[PDB]
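Here is the structure we will look at.
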Amino acid sequence: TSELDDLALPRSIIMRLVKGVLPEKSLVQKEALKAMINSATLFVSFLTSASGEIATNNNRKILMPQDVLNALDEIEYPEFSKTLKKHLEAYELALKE
Amino acid sequence: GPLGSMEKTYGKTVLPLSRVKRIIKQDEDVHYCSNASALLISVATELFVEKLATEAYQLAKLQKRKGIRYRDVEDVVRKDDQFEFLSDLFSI
């Protein structure tokens, strides 16, 4: 658990994400927030791994944004795809300017 | 208060990218993860947290509660296929 704690994303940023989808004045318990912070770390690893596999299967060393988009299907979170595509579109629009 | 409706800026994450990259870097099989890839992985993580919190909250709402407890988060991972990858963490 020492490793999970060193990798953990900031408690306040995660908390804001949590409360952002709950009614006003909803509370979130101690060990619940930590449960979700840790789950978030594993989700990064989970999606990264699946994306790396798709990169490897394409005989590429660089894990590319399209590997991430196709990894959503493999890890069965295809409902994130529309939003990620939107971010990707915006990212390379801003880039070219 | 703002005078109009809320407008999201896409192409940015609210997460600290350096921290997300540190987790990404732990993967022994990845040679290099591009910045664009890191951004998308970061946004997916935001969406993931929102999803987990929503399902945890719905469980709480069933027992007429206003807040999320640890066992709400646990029961979600216990019952929902999409959260199978968390099974080790919660010792189900």
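Going by the structure tokens order, chains are called A, B, ..., each with residues numbered from 1, while ligands are numbered from 1 in the order shown.
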
Based on only C-alpha atoms, which of the residues in chain B come within 7 Å of chain A? I want them as a ChimeraX atom specification.
/B:10-11,19,23-24,27,29-34,36-37,40-41,43-46,49-50,53-54,66-70,73,82,86

Selected residues written out with N, CA and C atoms, as a compact mmCIF listing (two decimals), in the first residue's frame:
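For reference, out.txt as written:
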```txt
# COMPACT_ATOMS: atom_id res chain seq x y z
N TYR B 10 -11.96 21.94 -24.12
CA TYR B 10 -11.50 20.60 -24.39
C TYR B 10 -10.01 20.62 -24.69
N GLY B 11 -9.37 19.46 -24.54
CA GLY B 11 -7.97 19.33 -24.88
C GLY B 11 -7.06 19.58 -23.69
N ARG B 19 2.04 13.66 -12.65
CA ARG B 19 1.64 12.58 -11.75
C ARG B 19 1.06 11.40 -12.53
N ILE B 23 2.55 7.32 -13.14
CA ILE B 23 1.88 6.03 -13.09
C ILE B 23 2.10 5.29 -14.41
N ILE B 24 1.91 6.01 -15.52
CA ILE B 24 2.10 5.43 -16.85
C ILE B 24 3.48 4.80 -17.00
N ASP B 27 4.57 1.03 -16.10
CA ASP B 27 4.28 -0.09 -17.00
C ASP B 27 5.57 -0.63 -17.66
N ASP B 29 6.02 -2.67 -20.00
CA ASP B 29 5.96 -3.06 -21.41
C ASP B 29 5.96 -1.87 -22.36
N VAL B 30 5.57 -0.70 -21.86
CA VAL B 30 5.50 0.49 -22.69
C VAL B 30 6.88 1.12 -22.93
N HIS B 31 7.20 1.35 -24.20
CA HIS B 31 8.48 1.96 -24.56
C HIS B 31 8.42 3.47 -24.32
N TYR B 32 7.39 4.12 -24.84
CA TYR B 32 7.20 5.55 -24.65
C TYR B 32 5.73 5.89 -24.88
N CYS B 33 5.17 6.68 -23.97
CA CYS B 33 3.80 7.13 -24.13
C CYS B 33 3.82 8.59 -24.58
N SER B 34 3.23 8.89 -25.73
CA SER B 34 3.24 10.28 -26.23
C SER B 34 2.43 11.22 -25.34
N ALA B 36 0.14 13.38 -26.23
CA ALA B 36 -1.26 13.32 -26.61
C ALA B 36 -1.90 12.12 -25.94
N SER B 37 -1.20 10.98 -25.95
CA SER B 37 -1.74 9.77 -25.31
C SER B 37 -1.95 9.99 -23.83
N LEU B 40 -5.08 11.92 -23.12
CA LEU B 40 -6.33 11.15 -23.27
C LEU B 40 -6.48 10.18 -22.10
N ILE B 41 -5.37 9.58 -21.67
CA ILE B 41 -5.43 8.68 -20.53
C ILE B 41 -5.86 9.47 -19.29
N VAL B 43 -7.79 12.24 -19.24
CA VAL B 43 -9.23 12.55 -19.33
C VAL B 43 -10.08 11.30 -19.08
N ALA B 44 -9.64 10.15 -19.57
CA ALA B 44 -10.38 8.91 -19.30
C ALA B 44 -10.43 8.62 -17.80
N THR B 45 -9.34 8.94 -17.10
CA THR B 45 -9.29 8.76 -15.67
C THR B 45 -10.31 9.69 -14.97
N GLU B 46 -10.41 10.93 -15.42
CA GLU B 46 -11.46 11.82 -14.91
C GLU B 46 -12.84 11.19 -15.07
N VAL B 49 -13.43 8.29 -12.65
CA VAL B 49 -13.76 8.69 -11.29
C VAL B 49 -15.23 9.09 -11.19
N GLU B 50 -15.69 9.84 -12.17
CA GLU B 50 -17.09 10.27 -12.21
C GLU B 50 -18.03 9.10 -12.28
N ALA B 53 -18.02 7.18 -8.90
CA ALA B 53 -18.72 7.95 -7.86
C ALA B 53 -20.22 7.90 -8.06
N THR B 54 -20.64 7.99 -9.32
CA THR B 54 -22.06 7.90 -9.67
C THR B 54 -22.69 6.56 -9.26
N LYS B 66 -27.55 10.12 1.77
CA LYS B 66 -27.14 11.32 1.05
C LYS B 66 -25.68 11.28 0.64
N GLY B 67 -24.90 10.40 1.26
CA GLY B 67 -23.48 10.36 0.99
C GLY B 67 -22.88 8.99 0.67
N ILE B 68 -21.70 9.02 0.06
CA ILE B 68 -20.97 7.80 -0.27
C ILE B 68 -20.12 7.30 0.91
N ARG B 69 -20.33 6.04 1.28
CA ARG B 69 -19.50 5.34 2.26
C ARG B 69 -18.54 4.38 1.56
N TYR B 70 -17.50 3.92 2.26
CA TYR B 70 -16.55 2.96 1.69
C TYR B 70 -17.26 1.74 1.13
N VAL B 73 -18.64 2.04 -2.40
CA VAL B 73 -17.60 1.86 -3.41
C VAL B 73 -17.28 0.38 -3.58
N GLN B 82 -17.74 -4.00 -15.12
CA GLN B 82 -16.85 -2.97 -15.61
C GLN B 82 -15.76 -2.67 -14.60
N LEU B 86 -10.65 -3.98 -10.47
CA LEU B 86 -10.41 -3.46 -9.12
C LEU B 86 -10.54 -4.54 -8.04
```

Please run DSSP on the backbone and report, as a short mmCIF file (atom, residue, chain, number, x, y, z; two decimals) with N, CA, C and O atoms, in the first residue's frame, all residues within chain A that come out as helix (DSSP H, G or I).
```
data_model
loop_
_atom_site.label_atom_id
_atom_site.label_comp_id
_atom_site.auth_asym_id
_atom_site.auth_seq_id
_atom_site.Cartn_x
_atom_site.Cartn_y
_atom_site.Cartn_z
N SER A 2 2.14 1.09 0.32
CA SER A 2 3.09 2.20 0.32
C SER A 2 3.25 2.77 -1.09
O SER A 2 3.39 3.98 -1.28
N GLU A 3 3.21 1.89 -2.09
CA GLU A 3 3.35 2.29 -3.48
C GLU A 3 2.10 3.02 -4.02
O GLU A 3 2.22 3.99 -4.78
N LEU A 4 0.92 2.55 -3.63
CA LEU A 4 -0.33 3.20 -4.03
C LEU A 4 -0.38 4.62 -3.50
O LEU A 4 -0.84 5.54 -4.19
N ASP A 5 0.09 4.81 -2.27
CA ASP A 5 0.10 6.13 -1.66
C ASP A 5 1.09 7.10 -2.32
O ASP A 5 0.84 8.31 -2.35
N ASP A 6 2.20 6.59 -2.86
CA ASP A 6 3.19 7.47 -3.49
C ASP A 6 2.75 7.92 -4.88
O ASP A 6 3.16 8.98 -5.36
N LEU A 7 1.93 7.10 -5.53
CA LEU A 7 1.46 7.40 -6.88
C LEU A 7 0.17 8.21 -6.87
O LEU A 7 -0.23 8.73 -7.91
N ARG A 11 -5.73 14.68 -3.49
CA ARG A 11 -7.02 14.36 -2.88
C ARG A 11 -8.09 15.39 -3.26
O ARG A 11 -9.23 15.02 -3.53
N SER A 12 -7.71 16.66 -3.33
CA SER A 12 -8.67 17.73 -3.58
C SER A 12 -9.18 17.73 -5.03
O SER A 12 -10.35 18.05 -5.28
N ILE A 13 -8.31 17.39 -5.98
CA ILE A 13 -8.72 17.32 -7.38
C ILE A 13 -9.66 16.14 -7.61
O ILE A 13 -10.68 16.25 -8.32
N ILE A 14 -9.33 15.00 -7.02
CA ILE A 14 -10.20 13.83 -7.12
C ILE A 14 -11.54 14.11 -6.43
O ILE A 14 -12.60 13.73 -6.94
N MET A 15 -11.49 14.79 -5.28
CA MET A 15 -12.71 15.09 -4.53
C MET A 15 -13.66 15.94 -5.34
O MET A 15 -14.86 15.69 -5.36
N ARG A 16 -13.11 16.96 -5.98
CA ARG A 16 -13.89 17.84 -6.85
C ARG A 16 -14.55 17.05 -7.98
O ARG A 16 -15.70 17.31 -8.33
N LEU A 17 -13.82 16.09 -8.56
CA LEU A 17 -14.39 15.24 -9.62
C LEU A 17 -15.56 14.42 -9.07
O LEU A 17 -16.62 14.28 -9.70
N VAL A 18 -15.35 13.87 -7.87
CA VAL A 18 -16.39 13.08 -7.22
C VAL A 18 -17.63 13.92 -6.95
O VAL A 18 -18.74 13.52 -7.31
N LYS A 19 -17.44 15.08 -6.34
CA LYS A 19 -18.60 15.87 -5.92
C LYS A 19 -19.27 16.55 -7.09
O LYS A 19 -20.44 16.95 -7.01
N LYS A 30 -14.17 9.52 4.33
CA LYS A 30 -12.74 9.23 4.42
C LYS A 30 -12.24 8.12 3.51
O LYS A 30 -11.61 8.34 2.47
N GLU A 31 -12.54 6.90 3.94
CA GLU A 31 -12.04 5.70 3.32
C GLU A 31 -12.68 5.49 1.96
O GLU A 31 -12.19 4.70 1.17
N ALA A 32 -13.78 6.19 1.68
CA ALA A 32 -14.43 6.09 0.38
C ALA A 32 -13.64 6.89 -0.64
O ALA A 32 -13.38 6.43 -1.75
N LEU A 33 -13.26 8.11 -0.27
CA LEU A 33 -12.50 8.95 -1.17
C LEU A 33 -11.15 8.30 -1.49
O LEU A 33 -10.72 8.28 -2.65
N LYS A 34 -10.51 7.74 -0.47
CA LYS A 34 -9.24 7.04 -0.66
C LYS A 34 -9.42 5.81 -1.54
O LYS A 34 -8.55 5.50 -2.37
N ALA A 35 -10.54 5.12 -1.38
CA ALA A 35 -10.87 4.00 -2.26
C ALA A 35 -10.90 4.46 -3.72
O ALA A 35 -10.41 3.77 -4.62
N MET A 36 -11.47 5.63 -3.97
CA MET A 36 -11.62 6.11 -5.34
C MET A 36 -10.32 6.69 -5.89
O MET A 36 -10.02 6.53 -7.07
N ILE A 37 -9.54 7.35 -5.04
CA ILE A 37 -8.21 7.81 -5.42
C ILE A 37 -7.36 6.63 -5.87
O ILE A 37 -6.70 6.69 -6.92
N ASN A 38 -7.39 5.54 -5.10
CA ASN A 38 -6.60 4.36 -5.45
C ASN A 38 -7.11 3.65 -6.70
O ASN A 38 -6.33 3.13 -7.49
N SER A 39 -8.43 3.63 -6.86
CA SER A 39 -9.06 3.01 -8.01
C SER A 39 -8.62 3.76 -9.26
O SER A 39 -8.40 3.16 -10.32
N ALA A 40 -8.48 5.08 -9.11
CA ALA A 40 -8.06 5.95 -10.20
C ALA A 40 -6.66 5.59 -10.64
O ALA A 40 -6.37 5.56 -11.83
N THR A 41 -5.78 5.34 -9.68
CA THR A 41 -4.42 4.93 -10.03
C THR A 41 -4.43 3.64 -10.83
O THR A 41 -3.78 3.54 -11.87
N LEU A 42 -5.21 2.66 -10.39
CA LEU A 42 -5.27 1.39 -11.11
C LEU A 42 -5.90 1.55 -12.49
O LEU A 42 -5.55 0.81 -13.42
N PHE A 43 -6.83 2.50 -12.62
CA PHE A 43 -7.45 2.72 -13.92
C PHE A 43 -6.42 3.27 -14.90
O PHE A 43 -6.43 2.89 -16.07
N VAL A 44 -5.55 4.17 -14.43
CA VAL A 44 -4.49 4.68 -15.30
C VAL A 44 -3.66 3.49 -15.82
O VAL A 44 -3.46 3.35 -17.03
N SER A 45 -3.21 2.64 -14.90
CA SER A 45 -2.43 1.45 -15.25
C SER A 45 -3.16 0.48 -16.19
O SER A 45 -2.55 -0.13 -17.08
N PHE A 46 -4.46 0.34 -15.97
CA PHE A 46 -5.30 -0.61 -16.70
C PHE A 46 -5.43 -0.16 -18.15
O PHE A 46 -5.17 -0.94 -19.08
N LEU A 47 -5.79 1.10 -18.34
CA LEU A 47 -5.91 1.66 -19.69
C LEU A 47 -4.54 1.74 -20.36
O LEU A 47 -4.40 1.42 -21.54
N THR A 48 -3.53 2.16 -19.61
CA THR A 48 -2.17 2.22 -20.18
C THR A 48 -1.72 0.87 -20.73
O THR A 48 -1.25 0.77 -21.86
N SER A 49 -1.87 -0.16 -19.92
CA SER A 49 -1.51 -1.51 -20.33
C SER A 49 -2.22 -1.95 -21.63
O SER A 49 -1.60 -2.44 -22.57
N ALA A 50 -3.54 -1.78 -21.67
CA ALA A 50 -4.31 -2.21 -22.84
C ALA A 50 -3.87 -1.43 -24.07
O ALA A 50 -3.79 -1.97 -25.17
N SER A 51 -3.56 -0.14 -23.88
CA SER A 51 -3.09 0.72 -24.96
C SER A 51 -1.71 0.30 -25.44
O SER A 51 -1.45 0.28 -26.66
N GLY A 52 -0.83 -0.02 -24.49
CA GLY A 52 0.49 -0.51 -24.85
C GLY A 52 0.43 -1.78 -25.70
O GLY A 52 1.20 -1.95 -26.66
N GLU A 53 -0.48 -2.69 -25.36
CA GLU A 53 -0.68 -3.93 -26.12
C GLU A 53 -1.08 -3.67 -27.57
O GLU A 53 -0.57 -4.31 -28.50
N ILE A 54 -2.02 -2.75 -27.76
CA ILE A 54 -2.40 -2.35 -29.11
C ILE A 54 -1.22 -1.71 -29.87
O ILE A 54 -1.06 -1.92 -31.08
N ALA A 55 -0.38 -0.95 -29.16
CA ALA A 55 0.80 -0.37 -29.79
C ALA A 55 1.75 -1.47 -30.23
O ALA A 55 2.27 -1.44 -31.34
N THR A 56 1.96 -2.44 -29.34
CA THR A 56 2.83 -3.58 -29.60
C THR A 56 2.32 -4.44 -30.76
O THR A 56 3.10 -4.87 -31.61
N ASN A 57 1.01 -4.69 -30.78
CA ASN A 57 0.38 -5.45 -31.85
C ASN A 57 0.51 -4.75 -33.20
O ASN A 57 0.46 -5.39 -34.24
N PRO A 65 -2.39 8.16 -29.46
CA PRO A 65 -3.76 8.45 -29.02
C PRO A 65 -4.77 7.45 -29.58
O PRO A 65 -5.73 7.11 -28.87
N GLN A 66 -4.58 6.98 -30.81
CA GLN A 66 -5.51 6.00 -31.36
C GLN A 66 -5.43 4.66 -30.60
O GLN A 66 -6.41 3.93 -30.55
N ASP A 67 -4.27 4.34 -30.03
CA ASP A 67 -4.15 3.12 -29.22
C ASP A 67 -5.02 3.27 -27.96
O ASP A 67 -5.68 2.31 -27.53
N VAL A 68 -5.04 4.47 -27.40
CA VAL A 68 -5.89 4.74 -26.24
C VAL A 68 -7.38 4.61 -26.63
O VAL A 68 -8.14 3.93 -25.97
N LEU A 69 -7.77 5.24 -27.73
CA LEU A 69 -9.17 5.14 -28.19
C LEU A 69 -9.56 3.68 -28.45
O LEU A 69 -10.60 3.25 -28.00
N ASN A 70 -8.71 2.90 -29.11
CA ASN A 70 -9.06 1.49 -29.32
C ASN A 70 -9.00 0.66 -28.03
O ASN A 70 -9.71 -0.32 -27.89
N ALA A 71 -8.17 1.07 -27.07
CA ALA A 71 -8.09 0.37 -25.78
C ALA A 71 -9.40 0.47 -24.99
O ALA A 71 -9.71 -0.40 -24.17
N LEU A 72 -10.16 1.54 -25.22
CA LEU A 72 -11.44 1.70 -24.52
C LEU A 72 -12.36 0.53 -24.83
O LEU A 72 -13.03 0.01 -23.94
N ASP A 73 -12.38 0.13 -26.10
CA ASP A 73 -13.17 -1.02 -26.54
C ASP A 73 -12.72 -2.30 -25.84
O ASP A 73 -13.54 -3.08 -25.36
N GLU A 74 -11.41 -2.48 -25.74
CA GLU A 74 -10.86 -3.69 -25.15
C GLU A 74 -11.13 -3.78 -23.64
O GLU A 74 -11.44 -4.85 -23.13
N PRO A 78 -16.40 1.76 -23.76
CA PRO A 78 -16.54 2.46 -25.03
C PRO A 78 -17.33 3.76 -24.89
O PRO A 78 -17.26 4.60 -25.78
N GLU A 79 -18.05 3.94 -23.78
CA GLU A 79 -18.81 5.16 -23.57
C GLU A 79 -17.92 6.39 -23.30
O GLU A 79 -18.44 7.49 -23.22
N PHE A 80 -16.60 6.20 -23.16
CA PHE A 80 -15.68 7.35 -23.01
C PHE A 80 -15.17 7.88 -24.34
O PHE A 80 -14.54 8.95 -24.40
N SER A 81 -15.42 7.14 -25.40
CA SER A 81 -14.78 7.39 -26.67
C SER A 81 -15.15 8.75 -27.30
O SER A 81 -14.28 9.48 -27.77
N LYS A 82 -16.44 9.08 -27.32
CA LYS A 82 -16.90 10.35 -27.89
C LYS A 82 -16.18 11.54 -27.22
O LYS A 82 -15.65 12.43 -27.91
N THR A 83 -16.12 11.53 -25.89
CA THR A 83 -15.45 12.60 -25.14
C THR A 83 -13.94 12.67 -25.41
O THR A 83 -13.40 13.75 -25.66
N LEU A 84 -13.25 11.54 -25.38
CA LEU A 84 -11.81 11.52 -25.68
C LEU A 84 -11.50 12.02 -27.10
O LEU A 84 -10.52 12.73 -27.32
N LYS A 85 -12.33 11.65 -28.07
CA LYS A 85 -12.15 12.14 -29.44
C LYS A 85 -12.27 13.65 -29.51
O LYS A 85 -11.55 14.31 -30.25
N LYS A 86 -13.20 14.20 -28.74
CA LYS A 86 -13.37 15.64 -28.65
C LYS A 86 -12.12 16.32 -28.10
O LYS A 86 -11.67 17.35 -28.64
N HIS A 87 -11.57 15.76 -27.03
CA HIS A 87 -10.33 16.31 -26.46
C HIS A 87 -9.19 16.21 -27.48
O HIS A 87 -8.39 17.13 -27.62
N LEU A 88 -9.12 15.09 -28.19
CA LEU A 88 -8.03 14.89 -29.15
C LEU A 88 -8.12 15.91 -30.29
O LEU A 88 -7.11 16.47 -30.73
N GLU A 89 -9.33 16.10 -30.79
CA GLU A 89 -9.58 17.10 -31.82
C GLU A 89 -9.11 18.49 -31.38
O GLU A 89 -8.45 19.20 -32.14
N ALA A 90 -9.48 18.88 -30.16
CA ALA A 90 -9.11 20.18 -29.58
C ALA A 90 -7.61 20.29 -29.36
O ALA A 90 -7.02 21.33 -29.62
N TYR A 91 -7.01 19.21 -28.89
CA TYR A 91 -5.57 19.18 -28.66
C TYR A 91 -4.78 19.48 -29.94
O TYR A 91 -3.89 20.33 -29.93
N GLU A 92 -5.08 18.80 -31.03
CA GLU A 92 -4.27 19.06 -32.21
C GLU A 92 -4.75 20.29 -32.99
O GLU A 92 -4.05 20.76 -33.87
N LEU A 93 -5.91 20.83 -32.63
CA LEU A 93 -6.30 22.12 -33.20
C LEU A 93 -5.44 23.21 -32.56
O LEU A 93 -4.85 24.03 -33.26
N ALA A 94 -5.39 23.22 -31.22
CA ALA A 94 -4.58 24.18 -30.47
C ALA A 94 -3.11 24.09 -30.86
O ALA A 94 -2.42 25.11 -30.95
N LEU A 95 -2.65 22.87 -31.08
CA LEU A 95 -1.27 22.59 -31.42
C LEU A 95 -0.83 23.33 -32.68
O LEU A 95 0.23 23.96 -32.71
#
```

With only C-alpha atoms as the counted atoms, please give the residues lying no more than 12 Å from residue 75 of chain B, apart from itself and same-chain residues fewer than 6 positions off, as JSON, numbers by chain.
{"A": [32, 35], "B": [52, 55, 56, 57, 58, 59, 60, 68, 69, 81, 83, 84, 86, 87, 90, 91, 92]}
